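Participant: Following this line is final28.txt, made up of compact mmCIF, C-alpha atoms:
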# COMPACT_ATOMS: atom_id res chain seq x y z
CA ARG A 253 10.59 40.46 12.74
CA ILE A 254 13.90 38.55 12.77
CA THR A 255 14.69 39.84 9.28
CA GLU A 256 13.87 43.41 10.36
CA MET A 257 16.06 43.27 13.48
CA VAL A 258 19.04 41.76 11.61
CA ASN A 259 19.70 44.33 8.89
CA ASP A 260 22.91 42.63 7.70
CA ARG A 261 22.50 40.94 4.32
CA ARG A 262 25.35 38.50 5.03
CA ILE A 263 23.24 36.44 7.45
CA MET A 264 20.48 34.55 5.63
CA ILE A 265 17.52 33.22 7.60
CA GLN A 266 16.05 29.86 6.63
CA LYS A 267 13.12 30.11 4.22
CA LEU A 268 9.78 28.80 5.43
CA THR A 269 7.94 26.13 3.49
CA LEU A 270 4.27 26.54 2.59
CA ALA A 271 3.24 24.27 5.47
CA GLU A 272 5.44 26.07 8.03
CA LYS A 273 3.96 29.55 7.54
CA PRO A 274 0.63 29.15 9.43
CA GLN A 275 2.33 27.30 12.30
CA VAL A 276 1.82 28.97 15.68
CA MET A 277 4.53 29.80 18.24
CA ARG A 278 4.75 31.61 21.58
CA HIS A 279 6.60 34.92 21.93
CA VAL A 280 7.78 36.94 24.91
CA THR A 281 5.51 39.35 26.76
CA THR A 282 7.74 42.37 26.08
CA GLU A 283 10.72 42.64 23.75
CA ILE A 284 14.24 43.37 24.97
CA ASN A 285 15.53 46.43 23.10
CA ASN A 286 17.99 49.30 23.53
CA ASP A 287 15.65 51.02 26.00
CA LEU A 288 16.23 48.26 28.55
CA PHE A 289 20.01 48.54 28.17
CA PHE A 290 19.89 52.33 28.50
CA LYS A 291 18.42 52.14 32.01
CA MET A 292 21.33 49.95 33.20
CA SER A 293 23.84 52.84 32.75
CA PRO A 294 24.65 53.51 36.50
CA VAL A 295 26.06 49.95 37.00
CA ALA A 296 27.12 49.46 33.36
CA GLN A 297 30.79 50.25 34.05
CA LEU A 298 31.21 47.20 36.29
CA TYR A 299 29.61 44.97 33.65
CA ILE A 300 31.90 46.36 30.94
CA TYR A 301 35.00 45.90 33.08
CA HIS A 302 34.16 42.33 34.05
CA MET B 1 49.51 20.16 -51.66
CA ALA B 2 47.96 16.82 -52.61
CA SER B 3 45.46 14.26 -51.32
CA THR B 4 47.87 13.49 -48.46
CA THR B 5 47.29 16.91 -46.88
CA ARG B 6 43.64 15.92 -46.27
CA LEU B 7 44.41 12.85 -44.15
CA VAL B 8 43.88 14.38 -40.70
CA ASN B 9 40.60 16.03 -41.71
CA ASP B 10 39.58 12.72 -43.30
CA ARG B 11 40.21 10.96 -39.98
CA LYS B 12 38.25 13.64 -38.10
CA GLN B 13 35.24 13.22 -40.39
CA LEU B 14 35.53 9.43 -40.24
CA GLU B 15 35.53 9.43 -36.44
CA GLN B 16 32.49 11.72 -36.39
CA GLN B 17 30.61 9.44 -38.80
CA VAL B 18 31.58 6.30 -36.87
CA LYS B 19 30.27 7.79 -33.64
CA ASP B 20 27.08 9.01 -35.33
CA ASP B 21 26.23 5.68 -36.98
CA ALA B 22 27.21 3.66 -33.91
CA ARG B 23 24.71 5.73 -31.94
CA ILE B 24 21.95 4.78 -34.40
CA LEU B 25 22.24 0.99 -34.11
CA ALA B 26 22.84 0.99 -30.34
CA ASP B 27 19.94 -0.50 -28.40
CA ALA B 28 18.40 1.81 -25.80
CA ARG B 29 16.39 0.71 -22.77
CA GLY B 30 14.83 2.79 -20.03
CA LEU B 31 16.29 2.45 -16.54
CA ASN B 32 14.45 2.45 -13.19
CA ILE B 33 15.16 5.52 -10.99
CA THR B 34 15.58 4.30 -7.36
CA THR B 35 17.17 7.38 -5.67
CA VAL B 36 14.18 9.65 -4.80
CA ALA B 37 14.40 10.79 -1.13
CA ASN B 38 14.00 13.99 0.96
CA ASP B 39 17.46 14.06 2.55
CA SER B 40 18.78 17.55 1.73
CA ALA B 41 18.14 19.52 4.91
CA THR B 42 20.03 22.58 6.16
CA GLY B 43 21.46 23.17 9.63
CA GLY B 44 22.32 26.20 11.70
CA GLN B 45 21.80 27.79 15.11
CA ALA B 46 18.32 28.47 16.45
CA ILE B 47 17.36 32.10 17.04
CA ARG B 48 16.08 31.54 20.56
CA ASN B 49 14.04 34.29 22.18
CA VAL B 50 15.26 35.98 25.36
CA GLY B 51 13.09 37.53 28.04
Go ahead and render the structure in this file as structure tokens.
Facilitator:
Amino acid sequence: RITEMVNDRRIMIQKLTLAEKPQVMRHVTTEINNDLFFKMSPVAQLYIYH
Amino acid sequence: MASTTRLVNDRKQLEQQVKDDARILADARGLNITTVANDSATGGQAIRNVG
């Protein structure tokens, strides 16, 4: 997922060893994407200015 | 053009032969390798999740 989101080839993400692939982590309930930022448009001007 | 014109090439060949036949008589012994270690990690910034 991190490779898919970062489409730039300049940034290289650390390769996982064989023992680090089945390791289990905890992710967020819902992902933050452009849809969340779109809904902030009415007050976005103040954020941009500051 | 006489036998004197072959002096530098003669020295080249002589040096090559001296090196070659000094390699033959040199005694060779195995050495213990004492440097094995897993100390070649990579750093960077963690891609922390936001939510």
Participant: Measure the distance from atom CA of residue A:301 to atom CA of residue A:285 in Å and round it to one decimal.
Facilitator: 21.9 Å
Participant: Rounded to one decimal, what separation in Å do you get between atom CA of residue A:253 and atom CA of residue A:289?
Facilitator: 19.8 Å
Participant: Pull out every residue of chain B sitting within 12 Å of chain A, counting all atoms listed in the file, and send them as a ChimeraX atom specification.
Facilitator: /B:41-51
Participant: Filtering to N, CA, C and O atoms, could stretch 22-44 of chain B of the supplied structure be written out as a PDB file, in the first residue's frame?
Facilitator:
ATOM      1  N   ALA B  22      59.304 -16.387  -7.529  1.00  0.00           N
ATOM      2  CA  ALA B  22      59.256 -16.092  -6.104  1.00  0.00           C
ATOM      3  C   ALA B  22      57.890 -16.408  -5.521  1.00  0.00           C
ATOM      4  O   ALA B  22      57.777 -16.669  -4.319  1.00  0.00           O
ATOM      5  N   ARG B  23      56.846 -16.383  -6.355  1.00  0.00           N
ATOM      6  CA  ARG B  23      55.533 -16.828  -5.902  1.00  0.00           C
ATOM      7  C   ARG B  23      55.503 -18.330  -5.641  1.00  0.00           C
ATOM      8  O   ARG B  23      54.768 -18.789  -4.761  1.00  0.00           O
ATOM      9  N   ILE B  24      56.289 -19.105  -6.391  1.00  0.00           N
ATOM     10  CA  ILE B  24      56.236 -20.561  -6.281  1.00  0.00           C
ATOM     11  C   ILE B  24      56.798 -21.026  -4.941  1.00  0.00           C
ATOM     12  O   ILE B  24      56.191 -21.850  -4.249  1.00  0.00           O
ATOM     13  N   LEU B  25      57.964 -20.509  -4.557  1.00  0.00           N
ATOM     14  CA  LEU B  25      58.627 -20.970  -3.345  1.00  0.00           C
ATOM     15  C   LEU B  25      58.076 -20.335  -2.077  1.00  0.00           C
ATOM     16  O   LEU B  25      58.410 -20.797  -0.981  1.00  0.00           O
ATOM     17  N   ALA B  26      57.255 -19.295  -2.193  1.00  0.00           N
ATOM     18  CA  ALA B  26      56.705 -18.647  -1.013  1.00  0.00           C
ATOM     19  C   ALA B  26      55.783 -19.599  -0.263  1.00  0.00           C
ATOM     20  O   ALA B  26      54.948 -20.282  -0.861  1.00  0.00           O
ATOM     21  N   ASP B  27      55.942 -19.645   1.056  1.00  0.00           N
ATOM     22  CA  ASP B  27      55.089 -20.482   1.888  1.00  0.00           C
ATOM     23  C   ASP B  27      53.746 -19.801   2.138  1.00  0.00           C
ATOM     24  O   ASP B  27      53.681 -18.591   2.376  1.00  0.00           O
ATOM     25  N   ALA B  28      52.672 -20.576   2.036  1.00  0.00           N
ATOM     26  CA  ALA B  28      51.313 -20.060   2.140  1.00  0.00           C
ATOM     27  C   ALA B  28      50.596 -20.776   3.271  1.00  0.00           C
ATOM     28  O   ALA B  28      50.587 -22.011   3.323  1.00  0.00           O
ATOM     29  N   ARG B  29      49.999 -20.005   4.173  1.00  0.00           N
ATOM     30  CA  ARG B  29      49.244 -20.539   5.294  1.00  0.00           C
ATOM     31  C   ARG B  29      47.879 -19.869   5.355  1.00  0.00           C
ATOM     32  O   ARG B  29      47.753 -18.668   5.102  1.00  0.00           O
ATOM     33  N   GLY B  30      46.856 -20.660   5.661  1.00  0.00           N
ATOM     34  CA  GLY B  30      45.527 -20.104   5.821  1.00  0.00           C
ATOM     35  C   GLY B  30      45.453 -19.216   7.050  1.00  0.00           C
ATOM     36  O   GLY B  30      46.149 -19.431   8.043  1.00  0.00           O
ATOM     37  N   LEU B  31      44.600 -18.202   6.975  1.00  0.00           N
ATOM     38  CA  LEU B  31      44.412 -17.256   8.063  1.00  0.00           C
ATOM     39  C   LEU B  31      43.005 -17.393   8.624  1.00  0.00           C
ATOM     40  O   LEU B  31      42.039 -17.563   7.873  1.00  0.00           O
ATOM     41  N   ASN B  32      42.865 -17.159   9.930  1.00  0.00           N
ATOM     42  CA  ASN B  32      41.524 -17.201  10.573  1.00  0.00           C
ATOM     43  C   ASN B  32      40.740 -15.929  10.251  1.00  0.00           C
ATOM     44  O   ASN B  32      41.314 -14.835  10.377  1.00  0.00           O
ATOM     45  N   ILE B  33      39.477 -16.075   9.844  1.00  0.00           N
ATOM     46  CA  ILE B  33      38.611 -14.890   9.595  1.00  0.00           C
ATOM     47  C   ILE B  33      37.910 -14.600  10.919  1.00  0.00           C
ATOM     48  O   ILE B  33      37.108 -15.444  11.348  1.00  0.00           O
ATOM     49  N   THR B  34      38.112 -13.408  11.485  1.00  0.00           N
ATOM     50  CA  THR B  34      37.457 -13.046  12.771  1.00  0.00           C
ATOM     51  C   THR B  34      36.582 -11.793  12.644  1.00  0.00           C
ATOM     52  O   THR B  34      36.428 -11.102  13.665  1.00  0.00           O
ATOM     53  N   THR B  35      36.033 -11.498  11.464  1.00  0.00           N
ATOM     54  CA  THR B  35      35.274 -10.229  11.301  1.00  0.00           C
ATOM     55  C   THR B  35      33.784 -10.457  11.024  1.00  0.00           C
ATOM     56  O   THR B  35      33.117  -9.464  10.688  1.00  0.00           O
ATOM     57  N   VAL B  36      33.274 -11.686  11.117  1.00  0.00           N
ATOM     58  CA  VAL B  36      31.841 -11.879  10.739  1.00  0.00           C
ATOM     59  C   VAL B  36      30.953 -11.189  11.774  1.00  0.00           C
ATOM     60  O   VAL B  36      31.191 -11.415  12.969  1.00  0.00           O
ATOM     61  N   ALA B  37      29.960 -10.415  11.323  1.00  0.00           N
ATOM     62  CA  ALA B  37      29.055  -9.676  12.233  1.00  0.00           C
ATOM     63  C   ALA B  37      27.928  -9.017  11.430  1.00  0.00           C
ATOM     64  O   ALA B  37      28.209  -8.571  10.312  1.00  0.00           O
ATOM     65  N   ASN B  38      26.717  -8.934  11.987  1.00  0.00           N
ATOM     66  CA  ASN B  38      25.574  -8.337  11.301  1.00  0.00           C
ATOM     67  C   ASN B  38      25.447  -6.905  11.814  1.00  0.00           C
ATOM     68  O   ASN B  38      24.677  -6.602  12.726  1.00  0.00           O
ATOM     69  N   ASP B  39      26.228  -6.010  11.214  1.00  0.00           N
ATOM     70  CA  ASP B  39      26.287  -4.612  11.635  1.00  0.00           C
ATOM     71  C   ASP B  39      26.252  -3.681  10.425  1.00  0.00           C
ATOM     72  O   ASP B  39      27.049  -2.751  10.303  1.00  0.00           O
ATOM     73  N   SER B  40      25.314  -3.922   9.514  1.00  0.00           N
ATOM     74  CA  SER B  40      25.196  -3.153   8.278  1.00  0.00           C
ATOM     75  C   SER B  40      23.752  -2.724   8.050  1.00  0.00           C
ATOM     76  O   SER B  40      23.187  -2.892   6.968  1.00  0.00           O
ATOM     77  N   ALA B  41      23.133  -2.158   9.082  1.00  0.00           N
ATOM     78  CA  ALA B  41      21.738  -1.754   9.010  1.00  0.00           C
ATOM     79  C   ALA B  41      21.582  -0.455   8.221  1.00  0.00           C
ATOM     80  O   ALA B  41      22.552   0.236   7.901  1.00  0.00           O
ATOM     81  N   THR B  42      20.330  -0.127   7.906  1.00  0.00           N
ATOM     82  CA  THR B  42      19.976   1.100   7.209  1.00  0.00           C
ATOM     83  C   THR B  42      18.988   1.898   8.048  1.00  0.00           C
ATOM     84  O   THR B  42      18.129   1.324   8.725  1.00  0.00           O
ATOM     85  N   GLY B  43      19.112   3.219   8.000  1.00  0.00           N
ATOM     86  CA  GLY B  43      18.255   4.110   8.751  1.00  0.00           C
ATOM     87  C   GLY B  43      17.135   4.686   7.914  1.00  0.00           C
ATOM     88  O   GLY B  43      16.760   4.152   6.868  1.00  0.00           O
ATOM     89  N   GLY B  44      16.594   5.805   8.388  1.00  0.00           N
ATOM     90  CA  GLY B  44      15.519   6.480   7.691  1.00  0.00           C
ATOM     91  C   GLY B  44      14.419   6.954   8.617  1.00  0.00           C
ATOM     92  O   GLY B  44      14.523   6.805   9.838  1.00  0.00           O
TER      93      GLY B  44
END
